[PDB]
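*Asks:* I have a structure I would like to understand better, so I am pasting it below and will then ask my questions one at a time.
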Amino acid sequence: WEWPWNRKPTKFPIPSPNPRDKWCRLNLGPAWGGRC
């Protein structure tokens, strides 16, 4: 009860990731549609 753990981080590591992150450039399929 005396150590710096306030306001935890954000913006996970490594830039706009390829892996399942903002992926999809067109209309998907399996469990998608219209949306990303």
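Sequence positions for chain A are given in Swiss-Prot numbering; the residues included correspond to 20-55, in order.
Technique stated in the header: solution NMR.
Keep in mind that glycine also has a Cβ here, set from the backbone N, Cα and C atoms.
Relevant sequence annotations retrieved from Swiss-Prot are reproduced here:
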| type | residues | note |
| --- | --- | --- |
| DISULFID | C43-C55 | disulfide bond |
| MOD_RES | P28 | hydroxyproline |
| MOD_RES | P32 | hydroxyproline |
| MOD_RES | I33 | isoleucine derivative |
| MOD_RES | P34 | hydroxyproline |
| MOD_RES | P36 | hydroxyproline |
| MOD_RES | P38 | hydroxyproline |
| REGION | 20-33 | region 'Essential for binding to sperm' |
| REGION | 36-55 | region 'Sufficient to induce PMR' |
*Asks:* Measuring CB to CB from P36 (hydroxyproline), give everything in the same chain under 8 Å that is also at least six residues away in sequence.
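*Replies:* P36 (hydroxyproline) has no long-range Cβ partners.
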*Asks:* For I33 (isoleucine derivative) and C43 (disulfide bond), determine the Cα separation and express it in whole Å.
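*Replies:* A Cα-Cα distance of 19 Å.
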*Asks:* Once the chains shown are all counted, how many other Cβ atoms turn up within 10 Å of the Cβ of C55 (disulfide bond)?
*Replies:* 10
*Asks:* Where does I33 (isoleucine derivative) sit by DSSP, helix, strand or coil?
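*Replies:* Reduced to three states, the DSSP call for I33 (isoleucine derivative) is coil.
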*Asks:* Identify, in sequence order, the residues in the chain of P34 (hydroxyproline) that are 6 or more apart from it along the sequence and have a CB within less than 8 Å of its CB; answer 'none' if there are none.
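*Replies:* In sequence order, no residue meets the Cβ cut-off.
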*Asks:* Give me the long-range Cβ neighbours of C43 (disulfide bond): same chain, 6+ apart, Cβ under 8 Å, in sequence order.
*Replies:* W51, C55
